[PDB]
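We give structure tokens for two forms of one protein chain below, kept apart as structure 1 and structure 2.
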Structure 1
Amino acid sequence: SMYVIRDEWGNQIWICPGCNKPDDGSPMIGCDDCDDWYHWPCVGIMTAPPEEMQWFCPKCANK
């Protein structure tokens, strides 16, 4: 898969695999396996996890 787009300025824009919508500054969380980034509501995250806790997205969590 590939969830990073580039705009005409060369900047990288991450797309959330849960909703196929871009990062819009609202809180996201990064998967410590595949490194895709998700919107918190899209993965049921309601507040920042403990700093020490790794987080894995639904796809990887079943792997």
Structure 2
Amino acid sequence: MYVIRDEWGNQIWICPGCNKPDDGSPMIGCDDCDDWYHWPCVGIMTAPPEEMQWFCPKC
């Protein structure tokens, strides 16, 4: 993941799928590498069940 340092000195973690900061969009964490992606960027449409583990293209 790219991290942006903005004008306020805050750190923004960027989706590796689109690599764009203007998110809002909900994100999902990879349960192997812990990169975080926007749901639409990895084809997720609804909140997935809590019991489940999601894994990101690389892993």
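For numbering, take structure 1's sequence and count from 1. The term rigid core refers to the maximal set of C-alpha atoms that superpose within 1.5 Å between the two forms. Only residues modelled in both forms are compared.
Asker: Once you line up the core, how about residue 22: does its CA shift reach 2 Å between structures 1 and 2?
Answerer: Where the cores coincide, residue 22 still shows a C-alpha shift between structures 1 and 2 that is 2 Å or more.
Asker: Is residue 12 displaced by at least 2 Å at its C-alpha between structures 1 and 2 when the rigid core is overlaid?
Answerer: Where the cores coincide, residue 12 still shows a C-alpha shift between structures 1 and 2 that is 2 Å or more.
Asker: After superposition on the rigid core, which segments of 3 or more consecutive residues show C-alpha displacements of 2 Å or more between structures 1 and 2?
Answerer: Moving stretches, in sequence order: 3-12, 22-25.
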